[PDB]
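Below is one structure, written out as structure tokens; comments come after it.
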2 protein chains.
Amino acid sequence: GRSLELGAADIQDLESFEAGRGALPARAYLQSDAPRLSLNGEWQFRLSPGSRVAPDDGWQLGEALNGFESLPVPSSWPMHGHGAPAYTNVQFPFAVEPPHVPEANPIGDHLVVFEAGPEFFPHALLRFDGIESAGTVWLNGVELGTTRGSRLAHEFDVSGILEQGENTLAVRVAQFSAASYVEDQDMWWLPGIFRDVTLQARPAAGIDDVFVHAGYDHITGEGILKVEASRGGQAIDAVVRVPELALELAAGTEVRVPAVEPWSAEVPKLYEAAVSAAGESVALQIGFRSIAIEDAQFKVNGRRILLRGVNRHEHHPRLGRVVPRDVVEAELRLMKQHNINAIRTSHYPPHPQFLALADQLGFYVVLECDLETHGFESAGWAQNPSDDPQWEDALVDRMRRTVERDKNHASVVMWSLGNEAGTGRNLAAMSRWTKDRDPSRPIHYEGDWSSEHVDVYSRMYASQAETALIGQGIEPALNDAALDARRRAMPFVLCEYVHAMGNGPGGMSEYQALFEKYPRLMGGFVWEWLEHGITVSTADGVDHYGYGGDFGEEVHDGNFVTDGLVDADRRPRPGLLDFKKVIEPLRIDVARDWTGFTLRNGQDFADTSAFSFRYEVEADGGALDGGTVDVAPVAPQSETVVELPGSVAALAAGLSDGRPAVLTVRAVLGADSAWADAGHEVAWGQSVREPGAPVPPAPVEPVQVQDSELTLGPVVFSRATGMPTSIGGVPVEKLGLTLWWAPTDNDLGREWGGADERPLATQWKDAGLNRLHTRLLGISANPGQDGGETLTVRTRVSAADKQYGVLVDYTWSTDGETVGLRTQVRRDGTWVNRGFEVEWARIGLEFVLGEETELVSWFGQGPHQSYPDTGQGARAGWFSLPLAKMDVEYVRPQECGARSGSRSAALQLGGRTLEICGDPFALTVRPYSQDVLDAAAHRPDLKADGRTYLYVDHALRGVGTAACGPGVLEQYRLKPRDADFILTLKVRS
Amino acid sequence: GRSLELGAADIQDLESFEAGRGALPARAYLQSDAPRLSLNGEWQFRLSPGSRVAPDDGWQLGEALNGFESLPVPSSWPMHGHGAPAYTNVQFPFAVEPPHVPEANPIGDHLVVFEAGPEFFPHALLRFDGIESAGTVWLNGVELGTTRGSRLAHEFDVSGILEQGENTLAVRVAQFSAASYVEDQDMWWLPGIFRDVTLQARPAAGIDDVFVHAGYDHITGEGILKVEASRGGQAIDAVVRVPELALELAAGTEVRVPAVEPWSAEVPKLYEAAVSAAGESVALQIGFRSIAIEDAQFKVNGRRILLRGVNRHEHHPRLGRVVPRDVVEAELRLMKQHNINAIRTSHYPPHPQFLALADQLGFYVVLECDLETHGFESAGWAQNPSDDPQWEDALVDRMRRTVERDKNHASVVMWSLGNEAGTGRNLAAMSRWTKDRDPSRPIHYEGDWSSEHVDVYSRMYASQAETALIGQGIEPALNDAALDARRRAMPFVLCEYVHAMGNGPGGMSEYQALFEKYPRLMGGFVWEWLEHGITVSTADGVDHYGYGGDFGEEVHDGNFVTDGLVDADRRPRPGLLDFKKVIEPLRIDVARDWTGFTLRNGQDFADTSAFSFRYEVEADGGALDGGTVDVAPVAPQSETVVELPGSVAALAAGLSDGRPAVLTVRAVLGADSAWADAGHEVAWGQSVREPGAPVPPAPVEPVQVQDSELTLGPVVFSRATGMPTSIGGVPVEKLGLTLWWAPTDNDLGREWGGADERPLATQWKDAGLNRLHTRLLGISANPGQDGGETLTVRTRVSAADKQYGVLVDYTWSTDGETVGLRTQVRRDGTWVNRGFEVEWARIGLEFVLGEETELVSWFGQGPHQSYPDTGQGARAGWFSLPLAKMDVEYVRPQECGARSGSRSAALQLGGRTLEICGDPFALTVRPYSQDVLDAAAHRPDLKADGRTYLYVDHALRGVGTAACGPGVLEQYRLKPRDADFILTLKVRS
Ligand SMILES: OC[C@H]1O[C@@H](O)[C@H](O)[C@@H](O)[C@H]1O
Ligand SMILES: OC[C@H]1O[C@@H](O)[C@H](O)[C@@H](O)[C@H]1O
Ligand code: NA
Ligand code: NA
Ligand code: NA
Ligand code: NA
Ligand code: NA
Ligand code: NA
């Protein structure tokens, strides 16, 4: 009985443990003068749901194409209507039984016709820079080979197959393969030919590969140069010319350049060079820099550096894994403009042309191999490819192609073996191969905490506490004394930290202080640079970002893919504005008396000569003084005290007490740079003269009683509820206490540790904080002064089925135009639920006004949001925004938009203006309620109801990073307590 | 400063700790010849949202009514559009701060005008049999008093206030009050005047109260009679006449009737009697019965009884707490028709007229006081009213009114203090008062396990295991030796068990066997008799039941209120059909050789004379023999062997081996009874001659191969999937393994005990059993016989991100008209997920046919559903139902409708008929998929898709009662295992 199933041969190849077949040896991506023809453009595309039904109808010949339609290449083909994107975090979307593939496996047949001139003969090749996940290539019906390693390059010799004139290239691409088991990155599954397809002629006496070695001797200032060149795998004679350095040398010999300017992220000096043979010349950019590890420190050019990094995925909200070059250049400029100096290519090699941009603009790069077996962890790592000898050749090939393609770029300061691939023999083989091939770059890999096969100790999301212990070299020892000795001598890097999902991240400052304090700490890379939002249109035709589950996924991880510092279209989130400030390379501490400021140069190589230091005094009326001050260049890691012009201090001394004024000192770019224009702000510091506490109004107005209402100055109260129904003519629909906010993404993550691991959001729902009720205890008027009186409204707030509550007393007073409101909160009973203490999100008030708000103005921190453990980027000053701009457009709507540290606020309700003053309070204004905010899964779900929701908080809790990593730090928690705060209110015109 | 809040006086009264004021002393509900006028009818009604806004506009006078509309009385006013029903189980719908009430407190003003003739003068009263929760009564503007105790009666003297001719009765009713804290029953919150309002004249020289004492001496056969009568609280002269017993005695003296026929639920003998004074006569029904506890047994009339009970709430799907009398009589008849003999009035006194019906039809009643403080448990019982001295008078009053109203009814065999009210001094006071007032009835209360203040040990939902230990008197001792000694001498009752929520209850038989084995076990009362469904109309105007959350409740407990043996309209659920069989009072064990049957009379007092014993032999063709057999009366608790006519045994011996035949012996009512007609089935037993195993067809037909399809006899296979696409012309859309079902209500409850307490449904979702995927491993044909061949299809079933799976091999064979299918299941890897073993719901197959099914016929158990731990009521036989009737109309759609123990089945698909045969399998047929079933929250969500979903299960797990109480018993669990089963298929005409 023979087999009767269909497509067994294709499936067998997809289940292969080996790398691609028939490809040329892996080499560097090189700029060559050899003729080249990009086959990018409109191809023909046919999709089948599985290998067994994929036609075998001679389509590769390009004749009588049945069912082929136009598709752009490069492309992620679910982004163009063929199937749909699917997002999983850790879980595989298919049964875990390596190397087998599911029956539902989209098969994409690609085909293009192109013309090959005489310059592509007798020798040429076809280059595929990326195919997810398994490709089979035919040229004029002849099989060239297959591709494995979705983000790795492949080249196929077409000599003797490429015909002069017309040619037909056919590529069958399977979404899933055995390789899928080693490409389990937390991102969208997106098959397709998503990177360049190039025809390249290979003239005789040419250059196939080049290995640049450009060291730097920081003591002598010498450059140490050796440029290797090869052809057919053999070292060849070639001449290297570096005009700027006045040298001409042979390829293969090490020379010593007397004086070079070293390359660094701060100063990305690049020397143009060319290596050429008889038939081919290659253009190179050489950055002289040496990487070393000594005294448990990661050093470049003799100096410990601080990594100010982000994890960079490759994503585009409409093109998937295809990132247009202009978007790449733009986002890298945006990175530099926010003081970022390092990038981790999470978790695969980037587009080949990315690295030249990193060399030029200046980033310390961690270039990561395309390897991740995260989905095997849930089974105790059973069958993990990283430890299965059958996968050794496949994984070594991945590392080899990774190293070879990018080995020439100065920006690459570390090789990374992969991400969350467990531990295993194959990872060790990948390390041995890299160390032997390129000893000039340390090896990184977080998955093996013993650090046996790496040169740096890496972790992800380690708490601030553990980072401090590691920074001091006092973390607990490894069981193996030899391995422990090796790891204690390593510097420490956080390859991922301060998870930037939604509102947040909190606790960035605590990490940064440790980075600066402890030399063993190399820094960290934020997770993540961008959100993987995919643009989606509503039924009405309105755009919004979609995430996991929005594309019919059976298995998905929701909005975990939107966890970035910028949105998919590179619009900054508030977290990026705080991050920029946190990692600012200069520290400016303005003296309290405004006589000067302390300036610390936190850079590693550059002085302060590139910066202009400017000062401005601003008051309510506007700018009162300002200018520039000359600062003798401060060396890196040194500091000085800079005197400010006497007019500034004199101005401060002359300010009448209680008048607010802000002195801001800024360090800006004196001249244009490659990544920003002159005047771009790099660092800043402030000193504030705080406005005096607000004086309560005199209680001279009395309480006028009627059957259904009480009136006190401009306030009309409902006698049935005791709450105001009108203030200065502004209708007040509701006023009450608040202890809860719409859970953030962090609030939805588990609070690991302790007997309670419910997410904070669940603790809140269980405790009833989202559904508070208020009982009126009494209302009474009391003698004020000169015939006036105060109005005290006693209430108790609690929730259904709970015995705990808070007594809340509102004491109202007015002089005729200013209303004084004193709120006093007292706990009644122990706030415990399901055996665990309840925590509060805030202690504040909610004013629901019966009219819309057009404009919100305030004095405090701004312009963007700030919570207790965030808001570093929000500076003191006066701000004014239309209501819509107070909000934050997170993909999943959640708590956001609070302005902490506010002293005064003004809401423009049509013709009238409501002014709120008081001791420091957080300010939030929205056109929709908190329940609408919490219920909303996407932004279109938010709809204005014609009201104004004003939140005035006496206290807030932090936002932390509980979605992944540490929760809110102790000092930012908000446990139930008694509280009393005063406000003044006033309506105008 | 005086108070300025509104409505403080009304709120203060609602927060009162005391019982109602101004009411006459509690007394018995008595049938009197005194004139009476029912004020039931169309009243005028106005609703306000709270006390502070409830108008004080002289409405009580009935003049210039502003905002009053017609409302029927009695009524639950949310059932008539005023507000909405709200359902909570344990949680209070308001903040727990007794005795305070929330600001949102619906206030219902009721008013009616009526005419009072001269017969209601000079003395009369107004009687209110129920007001939820706090009423204030005015007559002609004069305040009569207030009412507390929502299900208790209140009477107010109107002498001197009632005017001849026209009168105006006004009643203000607040939904919530301090009383709400002691009326936290698991049911709908439904305010209103929901029971009779009656005007009763009180002529002089009348009778106010009567206390019947009717004992029975089982040794002598004597009745022990004393009828007490009182007026104005004083014993009065009155004559008692019991014509049937030929006696005339004075009220107040104990007499000894020489020979009476005793009262019991089995024989509810009632003697008509009248006690009369000069101005009034009262009609009574006297049942002579004595209740005693000895030898740790609950005995009536000298015999231990077995309680076959249900917990009876008062609910109506359209009228709320108002249960029309015809519905009461109907449902009680339905109870008797299902062998029920006991009722617990959970958790409050019923309508006063309920008790006469219980006396007449025959039920052992546990009459329960209106008391439940369950919502205080979550706070450790802090502030529990049951232990707060301030509530003593209120709780004693509740018990007093409970006892006094119903003290004369023979059906009441126990007083219950309340339900889930914790422990406390006030419960002890309620016990002391009852014992002193009426020592003739034992006291019940489950809330105090020490049983200090009760006469029986009661528990709810104790496992079968613990019930067995208690039945043997070997449960662990109480810490207090004196209390332990007292409790060990008590009989044991399960006041609630086998929670009948949704599909279920399972494990009933295991309880019943213990009840029969151990005399200390009194029996049990199922929770619950009825579902509290409330009829709701869809947008299209289609009716369906709603539950918690369907009425906009902020806080609710979902479908926990639909947990009954019948639906709200008293349609039986399958659980009632099984319950009837489980509690059948006779046991019939039919001999294997069909020569006779063993008959055990399980009754306590009656013999078998009331029953006719009938037998029938049925085969495929129909009835072959049948008739009646005479049985000499068997005494209660005795047994005999009854010979059957020789024709039956002879018929059995002559049956050709393999021919199915069923002998059923039934005990039916020989004559009409008060609760059913002659021929009503009470008990039954069966003996089955099983049809032989099905012979696989000869594999003489070969496999015909084509590019895209394989054909084997009448089966067309898809060569790409290996699955059949057509059988005998019937389109087969899908065929695959099943391990999962739409979770039942029990599957959604926590599996208490052990480290894993996730509900089974959650264990299933986490494990991916609901989203299985199948990979084709191979297809091959193999030599059969005489040129034919078998077709083997090798597959592996698993789920995304899981390493465990099952290998499934389908071996097909056919002779031309009969198809043989052998399925073999083998585990691949350990089925563990999140550190806990995965369990399966079933091991079976799902046939998705591309045509609708009109009729389903089968031989096995029926007619209704049966699962491993249920189906007691499903008997062996041949059954046929239209597809719609195979389903079970549970309010929340869930797994149901499986017919376990099936040997053959026939689906009528239009003109064709699909016949399935095989060894025992469970059968299910539906017009919608399991995912549609699981996603459906209400029945309208189920919609046919034009297909047929046929489920053939080799194994099923039990359903248990995990929603509340024990889960599936060990012997009914389904752990992953290897399995192999054979089926035969055949399509006709
Ligand atoms: O929580 C999972 C974490 O694992 C990392 O390896 C991954 O890159 C991110 O998705 C991060 O969130
Ligand atoms: O689960 C709670 C249980 O508590 C009982 O006292 C109540 O009558 C029922 O609702 C039952 O389900
Ligand atoms: Na495939
Ligand atoms: Na987010
Ligand atoms: Na993510
Ligand atoms: Na009220
Ligand atoms: Na149910
Ligand atoms: Na219930």
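Following the order of the structure tokens, chains are lettered A, B, ..., residues in each are numbered from 1, and ligands are numbered from 1.
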
For this session: For region 37-39 of chain B, list every protein, DNA or RNA residue within 8 Å, evaluated using only C-alpha atoms, and leave out those in the same chain fewer than 6 positions away; present the list as a PyMOL selection string.
Result: chain B and resi 112+114+196-200

Please save C-alpha atoms of the selected residues as a PDB file, in the first residue's frame.
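Writing done, so here's part-v7.pdb:
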```pdb
ATOM      1  CA  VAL B 112     -56.940  52.525  46.968  1.00  0.00           C
ATOM      2  CA  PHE B 114     -62.985  51.043  48.947  1.00  0.00           C
ATOM      3  CA  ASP B 196     -53.331  39.925  49.906  1.00  0.00           C
ATOM      4  CA  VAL B 197     -54.712  43.093  51.488  1.00  0.00           C
ATOM      5  CA  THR B 198     -57.860  42.214  53.418  1.00  0.00           C
ATOM      6  CA  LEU B 199     -60.482  44.019  55.474  1.00  0.00           C
ATOM      7  CA  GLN B 200     -61.828  41.745  58.213  1.00  0.00           C
TER       8      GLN B 200
END
```

For this session: Looking only at strand (DSSP E) from DSSP on the backbone, list the matching residues of region 283-473 of chain B as number ranges by chain.
Result: B: 283-286, 291-294, 297-300, 303-304, 307-311, 342-344, 364-368, 412-416, 443-444, 457-460

Requested write-out: N, CA and C atoms of the selected residues, as an mmCIF file, in the first residue's frame:
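What landed in out-v6.cif:
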```cif
data_model
loop_
_atom_site.group_PDB
_atom_site.id
_atom_site.type_symbol
_atom_site.label_atom_id
_atom_site.label_comp_id
_atom_site.auth_asym_id
_atom_site.auth_seq_id
_atom_site.Cartn_x
_atom_site.Cartn_y
_atom_site.Cartn_z
ATOM 1 N N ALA B 283 -62.999 27.342 60.921
ATOM 2 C CA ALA B 283 -62.955 26.020 60.310
ATOM 3 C C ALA B 283 -61.508 25.553 60.217
ATOM 4 N N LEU B 284 -61.261 24.314 60.642
ATOM 5 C CA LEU B 284 -59.914 23.776 60.745
ATOM 6 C C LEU B 284 -59.844 22.400 60.101
ATOM 7 N N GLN B 285 -58.642 22.044 59.653
ATOM 8 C CA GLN B 285 -58.331 20.704 59.170
ATOM 9 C C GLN B 285 -57.260 20.117 60.076
ATOM 10 N N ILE B 286 -57.607 19.054 60.793
ATOM 11 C CA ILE B 286 -56.750 18.498 61.832
ATOM 12 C C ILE B 286 -56.115 17.217 61.310
ATOM 13 N N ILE B 291 -44.260 14.100 66.268
ATOM 14 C CA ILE B 291 -42.882 14.181 65.807
ATOM 15 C C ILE B 291 -41.977 13.944 67.005
ATOM 16 N N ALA B 292 -41.012 13.043 66.850
ATOM 17 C CA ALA B 292 -40.111 12.709 67.939
ATOM 18 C C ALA B 292 -38.726 12.426 67.386
ATOM 19 N N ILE B 293 -37.737 12.590 68.255
ATOM 20 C CA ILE B 293 -36.349 12.277 67.952
ATOM 21 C C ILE B 293 -35.876 11.258 68.978
ATOM 22 N N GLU B 294 -35.497 10.073 68.505
ATOM 23 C CA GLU B 294 -34.917 9.056 69.369
ATOM 24 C C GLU B 294 -33.946 8.215 68.557
ATOM 25 N N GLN B 297 -32.653 9.581 65.272
ATOM 26 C CA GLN B 297 -33.515 9.451 64.106
ATOM 27 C C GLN B 297 -34.680 10.422 64.210
ATOM 28 N N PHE B 298 -35.050 11.010 63.076
ATOM 29 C CA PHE B 298 -36.217 11.882 62.992
ATOM 30 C C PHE B 298 -37.427 11.007 62.679
ATOM 31 N N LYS B 299 -38.329 10.868 63.647
ATOM 32 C CA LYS B 299 -39.444 9.937 63.551
ATOM 33 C C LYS B 299 -40.770 10.681 63.560
ATOM 34 N N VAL B 300 -41.696 10.215 62.728
ATOM 35 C CA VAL B 300 -43.072 10.690 62.714
ATOM 36 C C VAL B 300 -43.971 9.493 62.975
ATOM 37 N N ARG B 303 -42.198 6.119 63.393
ATOM 38 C CA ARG B 303 -41.365 5.575 62.298
ATOM 39 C C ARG B 303 -40.391 6.612 61.762
ATOM 40 N N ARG B 304 -39.151 6.211 61.566
ATOM 41 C CA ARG B 304 -38.166 7.047 60.866
ATOM 42 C C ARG B 304 -38.725 7.273 59.465
ATOM 43 N N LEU B 307 -36.936 11.938 53.893
ATOM 44 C CA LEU B 307 -37.370 13.170 53.249
ATOM 45 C C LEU B 307 -36.907 13.188 51.799
ATOM 46 N N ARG B 308 -37.864 13.299 50.884
ATOM 47 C CA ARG B 308 -37.606 13.426 49.453
ATOM 48 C C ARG B 308 -38.069 14.825 49.062
ATOM 49 N N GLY B 309 -37.187 15.810 49.266
ATOM 50 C CA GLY B 309 -37.587 17.195 49.326
ATOM 51 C C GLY B 309 -36.967 18.082 48.256
ATOM 52 N N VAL B 310 -37.560 19.269 48.126
ATOM 53 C CA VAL B 310 -37.053 20.335 47.275
ATOM 54 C C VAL B 310 -37.151 21.643 48.047
ATOM 55 N N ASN B 311 -36.257 22.575 47.728
ATOM 56 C CA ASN B 311 -36.316 23.923 48.275
ATOM 57 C C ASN B 311 -37.225 24.769 47.390
ATOM 58 N N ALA B 342 -41.545 16.287 50.456
ATOM 59 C CA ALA B 342 -41.109 17.254 51.451
ATOM 60 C C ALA B 342 -40.761 18.569 50.772
ATOM 61 N N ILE B 343 -40.947 19.662 51.510
ATOM 62 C CA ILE B 343 -40.700 21.004 50.998
ATOM 63 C C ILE B 343 -40.058 21.840 52.094
ATOM 64 N N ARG B 344 -39.028 22.594 51.723
ATOM 65 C CA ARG B 344 -38.457 23.628 52.575
ATOM 66 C C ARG B 344 -38.825 24.977 51.976
ATOM 67 N N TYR B 364 -44.055 16.767 53.962
ATOM 68 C CA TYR B 364 -43.343 17.150 55.175
ATOM 69 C C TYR B 364 -42.678 18.499 54.931
ATOM 70 N N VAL B 365 -43.098 19.521 55.671
ATOM 71 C CA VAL B 365 -42.674 20.893 55.417
ATOM 72 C C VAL B 365 -41.672 21.330 56.475
ATOM 73 N N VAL B 366 -40.612 21.990 56.022
ATOM 74 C CA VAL B 366 -39.724 22.762 56.878
ATOM 75 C C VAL B 366 -40.103 24.219 56.651
ATOM 76 N N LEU B 367 -40.813 24.811 57.609
ATOM 77 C CA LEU B 367 -41.248 26.195 57.481
ATOM 78 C C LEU B 367 -40.180 27.107 58.068
ATOM 79 N N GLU B 368 -39.638 27.978 57.224
ATOM 80 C CA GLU B 368 -38.459 28.761 57.551
ATOM 81 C C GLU B 368 -38.804 30.221 57.796
ATOM 82 N N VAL B 412 -46.384 21.036 58.729
ATOM 83 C CA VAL B 412 -45.178 21.642 59.281
ATOM 84 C C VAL B 412 -44.612 20.687 60.327
ATOM 85 N N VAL B 413 -43.468 20.080 60.019
ATOM 86 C CA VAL B 413 -42.812 19.152 60.932
ATOM 87 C C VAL B 413 -41.541 19.728 61.522
ATOM 88 N N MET B 414 -41.137 20.926 61.104
ATOM 89 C CA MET B 414 -39.947 21.560 61.651
ATOM 90 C C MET B 414 -40.063 23.069 61.495
ATOM 91 N N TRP B 415 -39.608 23.793 62.512
ATOM 92 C CA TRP B 415 -39.377 25.222 62.396
ATOM 93 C C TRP B 415 -37.911 25.454 62.069
ATOM 94 N N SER B 416 -37.658 26.364 61.134
ATOM 95 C CA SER B 416 -36.304 26.760 60.784
ATOM 96 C C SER B 416 -36.115 28.229 61.130
ATOM 97 N N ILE B 443 -36.534 22.084 65.916
ATOM 98 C CA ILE B 443 -36.011 23.333 65.373
ATOM 99 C C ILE B 443 -34.840 23.022 64.449
ATOM 100 N N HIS B 444 -34.783 23.734 63.328
ATOM 101 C CA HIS B 444 -33.768 23.545 62.303
ATOM 102 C C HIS B 444 -33.016 24.850 62.090
ATOM 103 N N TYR B 457 -29.182 18.052 63.256
ATOM 104 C CA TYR B 457 -27.955 18.483 62.603
ATOM 105 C C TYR B 457 -28.235 18.676 61.118
ATOM 106 N N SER B 458 -28.081 19.905 60.630
ATOM 107 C CA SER B 458 -28.301 20.202 59.222
ATOM 108 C C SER B 458 -27.031 20.737 58.575
ATOM 109 N N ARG B 459 -26.860 20.387 57.303
ATOM 110 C CA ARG B 459 -25.775 20.894 56.479
ATOM 111 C C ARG B 459 -26.310 21.131 55.076
ATOM 112 N N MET B 460 -25.522 21.835 54.266
ATOM 113 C CA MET B 460 -25.863 22.073 52.870
ATOM 114 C C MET B 460 -24.662 21.745 51.998
#
```

For this session: Kindly provide, as number ranges by chain, all nucleotide and amino acid residues lying within 12 Å of ligand 8, counting only C-alpha atoms and all ligand atoms.
Result: B: 87-90, 185-188, 311-313, 346-347, 496, 499-502, 526-533, 547-548, 556-565, 745, 963-964

Problem set entry | Contact residues around region 759-766 of chain A with only C-alpha atoms at 8 Å, ignoring same-chain residues under 6 positions, as a PyMOL selection string | chain A and resi 740+743+747-751+833+838-839

For this session: Work out how far apart CA of residue 355 (chain B) and CA of residue 391 (chain B) are and give it in Å to one decimal.
Result: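 Result for CA of residue 355 (chain B) versus CA of residue 391 (chain B): 28.6 Å, one decimal.
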
For this session: Hey, list the chain A side of the contact with chain B: 7 Å cut-off, only C-alpha atoms, answer as a PyMOL selection string.
Result: chain A and resi 1-6+52-53+91-97+102-103+375+719-720+775+778-782+798-803

For this session: Report the residues of region 454-560 of chain B whose backbone DSSP state falls under alpha helix (DSSP H), written as a ChimeraX atom specification.
Result: /B:464-471,481-488,508-517

For this session: Name all residues at most 8 Å from residue 251 (chain B) (count only C-alpha atoms; drop same-chain ones fewer than 6 positions away) and give them as a PyMOL selection string.
Result: chain B and resi 226-229+236-240+275

Store the residues of this selection in a file with N, CA, C and O atoms, as a short mmCIF file (atom, residue, chain, number, x, y, z; two decimals), in the first residue's frame.
```cif
data_model
loop_
_atom_site.label_atom_id
_atom_site.label_comp_id
_atom_site.auth_asym_id
_atom_site.auth_seq_id
_atom_site.Cartn_x
_atom_site.Cartn_y
_atom_site.Cartn_z
N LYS B 226 -56.03 18.76 71.62
CA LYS B 226 -56.34 19.93 72.43
C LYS B 226 -56.34 21.14 71.51
O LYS B 226 -55.34 21.40 70.83
N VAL B 227 -57.45 21.86 71.47
CA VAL B 227 -57.60 23.04 70.63
C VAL B 227 -57.74 24.24 71.54
O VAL B 227 -58.75 24.40 72.24
N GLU B 228 -56.72 25.09 71.55
CA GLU B 228 -56.74 26.32 72.33
C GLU B 228 -57.35 27.44 71.50
O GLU B 228 -57.11 27.54 70.29
N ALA B 229 -58.15 28.28 72.15
CA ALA B 229 -58.77 29.43 71.52
C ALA B 229 -58.64 30.63 72.44
O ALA B 229 -58.72 30.48 73.67
N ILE B 236 -60.50 31.70 75.99
CA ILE B 236 -61.94 31.93 76.00
C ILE B 236 -62.67 30.59 75.93
O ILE B 236 -62.12 29.57 75.51
N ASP B 237 -63.93 30.62 76.35
CA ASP B 237 -64.80 29.47 76.19
C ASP B 237 -65.16 29.30 74.72
O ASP B 237 -65.60 30.25 74.06
N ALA B 238 -64.97 28.09 74.20
CA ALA B 238 -65.31 27.79 72.82
C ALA B 238 -65.52 26.30 72.70
O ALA B 238 -64.92 25.51 73.43
N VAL B 239 -66.39 25.92 71.77
CA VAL B 239 -66.76 24.52 71.56
C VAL B 239 -66.06 24.03 70.30
O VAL B 239 -66.04 24.72 69.27
N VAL B 240 -65.47 22.84 70.39
CA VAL B 240 -64.78 22.21 69.27
C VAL B 240 -65.61 21.00 68.85
O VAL B 240 -65.89 20.12 69.66
N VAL B 275 -64.14 25.25 65.56
CA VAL B 275 -64.14 25.84 66.89
C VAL B 275 -64.90 27.16 66.79
O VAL B 275 -64.63 27.97 65.91
#
```

For this session: Show which residues sit within 6 Å of region 427-437 of chain B, as a ChimeraX atom specification. Count only C-alpha atoms, and ignore same-chain residues fewer than 2 positions away.
Result: /B:386,396,424-425,439,453

Same residues, N, CA, C and O atoms, output as a short mmCIF file (atom, residue, chain, number, x, y, z; two decimals), in the first residue's frame:
```
data_model
loop_
_atom_site.label_atom_id
_atom_site.label_comp_id
_atom_site.auth_asym_id
_atom_site.auth_seq_id
_atom_site.Cartn_x
_atom_site.Cartn_y
_atom_site.Cartn_z
N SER B 386 -27.41 38.92 63.46
CA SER B 386 -27.77 37.76 64.27
C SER B 386 -27.10 37.78 65.63
O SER B 386 -27.55 37.08 66.54
N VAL B 396 -36.63 38.25 66.95
CA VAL B 396 -37.63 37.48 67.69
C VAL B 396 -39.01 37.71 67.10
O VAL B 396 -39.81 36.78 66.96
N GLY B 424 -25.14 33.66 66.49
CA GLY B 424 -25.29 34.83 67.33
C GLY B 424 -26.35 34.66 68.39
O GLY B 424 -27.18 33.74 68.36
N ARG B 425 -26.31 35.59 69.35
CA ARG B 425 -27.22 35.55 70.49
C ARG B 425 -28.68 35.63 70.04
O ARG B 425 -29.56 35.00 70.64
N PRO B 439 -43.23 23.31 71.64
CA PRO B 439 -42.29 22.19 71.76
C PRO B 439 -42.63 20.99 70.88
O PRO B 439 -41.88 20.01 70.90
N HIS B 453 -28.37 25.29 69.37
CA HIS B 453 -29.72 25.77 69.60
C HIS B 453 -30.76 25.11 68.70
O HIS B 453 -31.84 25.68 68.49
#
```
